[PDB]
Amino acid sequence: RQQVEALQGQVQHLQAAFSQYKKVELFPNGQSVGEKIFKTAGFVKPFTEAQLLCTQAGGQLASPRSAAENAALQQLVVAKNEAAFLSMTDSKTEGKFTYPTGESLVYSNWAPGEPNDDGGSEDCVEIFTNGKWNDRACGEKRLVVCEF
Amino acid sequence: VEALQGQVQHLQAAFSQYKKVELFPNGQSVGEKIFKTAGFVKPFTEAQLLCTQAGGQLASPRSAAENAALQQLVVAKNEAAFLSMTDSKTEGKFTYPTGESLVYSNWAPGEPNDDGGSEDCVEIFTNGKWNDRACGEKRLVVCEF
Amino acid sequence: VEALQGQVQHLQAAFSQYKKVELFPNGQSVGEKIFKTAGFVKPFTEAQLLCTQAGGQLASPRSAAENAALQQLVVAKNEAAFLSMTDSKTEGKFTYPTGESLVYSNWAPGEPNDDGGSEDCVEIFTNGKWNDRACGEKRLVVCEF
Ligand SMILES: OC[C@H](O)[C@H]1O[C@H](O)C[C@@H](O)[C@@H]1O
Ligand SMILES: OC[C@H](O)[C@H]1O[C@H](O)C[C@@H](O)[C@@H]1O
Ligand SMILES: OC[C@H](O)[C@H]1O[C@H](O)C[C@@H](O)[C@@H]1O
Ligand SMILES: [Ca+2]
Ligand SMILES: [Ca+2]
Ligand SMILES: [Ca+2]
Ligand SMILES: [Ca+2]
Ligand SMILES: [Ca+2]
Ligand SMILES: [Ca+2]
Ligand SMILES: [Ca+2]
Ligand SMILES: [Ca+2]
Ligand SMILES: [Ca+2]
């Protein structure tokens, strides 16, 4: 009993302290939505380099799977005023975009007419400050945003 | 109750280390309050919204101790910062976002002076002193949690 | 109570996620140590003070593994960083802030050379190698916690 009483106080302290630090941590480069957290590195990089940074950090490139997640990601894009790369590509099969796992998209917010594989060479995806998506050359540099 | 005690102990140690990492170099802990700067400047309204959306509010030092902690961030970035208080409701009366009156102040000599008949916001200098300033001006964004 | 048990499990999961978020992109964990860069350069004394005030100390790689982890941050920022060690007390003998002699070193060929007759601090290059450098120079600030 005794060991349980004081233990409750310790857990309550950790919960309160943690709740506070979550807010501190996310300000101003992160966004929490559901059980997902987006965090921007604050700089731009080509797709492959951006992908590697996220994977090595224990996460992956931003992969919005719902309107709510897309809106959260859009807030970071707007704050930095820099379009960002998403994790999805159609590098394997032209015209078919997939997540790093190979799974087909469960959500998309393409701007009208997109994806258009402009110049026959756009296999990556960027999200604009207006929240819309556009396929873009993977060699271009875009804001790095990872999800955890 | 045994293995659980070991987990809680580990969490306290891990959390303490993590807190130090988080606060370096843009945060300051004082009492139960934490100040954190965004590292950039914004006009008051925008700065205020950023803090509110983050689940906090603009820096609101309520004691000499809190003011000193906030001052450290201002000195580190060498950029004066906005406080949360304004006298937008009633000229000459500065209040917190809750309407409550100030329980602490550290005005520079002669301030607040509503210069130009248009200074309803407050900035804190690198010397820790306060000055009322036009809300349209851009100052370092520092929120409290 | 089974209630506390469940709460702790979830706390561990939430904490683990926030730890990964915290380290991206300015931190690196290796073993029980965490390196975190301030993102800017400063002379040694100032860098040392920033780390000590934050409850840590300047980066002090004690193994090849720790050196590699630190190297990642230096490469990512593309800026050589200061280590904690100096030979200010006894020329030629580098020590940690505590006074203890080095237990690991990764000197670049020809180093340390005390070039100019006054290089008592240490910097780590993007290639991971070390070079003794004048303490007055400005290098990337990286602390360990
Ligand atoms: O990614 C490129 C983007 O799709 C653009 O392609 C073309 O140049 C037609 C434009 O209307 C469109 O916006
Ligand atoms: O915010 C403006 C600030 O109060 C300044 O107002 C006047 O121009 C008189 C100055 O001595 C004072 O420093
Ligand atoms: O810190 C100075 C540094 O050791 C340099 O000293 C000399 O000028 C020889 C160089 O090869 C070496 O890189
Ligand atoms: Ca293709
Ligand atoms: Ca394509
Ligand atoms: Ca396109
Ligand atoms: Ca007024
Ligand atoms: Ca006024
Ligand atoms: Ca004034
Ligand atoms: Ca010497
Ligand atoms: Ca020397
Ligand atoms: Ca040298």
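Numbering of chain A is taken from Swiss-Prot, so the residues present carry the numbers 228-375, in order.
Using the three backbone atoms N, Cα and C, a Cβ is placed for every residue, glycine included.
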A:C365: disulphide-linked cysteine among A:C351, A:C373 [source: Swiss-Prot]: A:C351
What subset of the disulfide-bonded residues A:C351, A:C365, A:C373 has a Cβ sitting under 8 Å from a Cβ of chain C? A:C373
Using the structure shown, find which entry in A:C281, A:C365, A:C373 (the disulfide-bonded residues) has the sparsest Cβ neighbourhood within 10 Å. A:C365
Give me the count of other Cβ atoms within 10 A of the Cβ belonging to A:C351 (disulfide bond). 27
Three-state secondary structure, which DSSP defines for A:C281 (disulfide bond): helix
From the Cα of A:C365 (disulfide bond) across to the Cα of A:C373 (disulfide bond), what is the distance in angstrom? 16
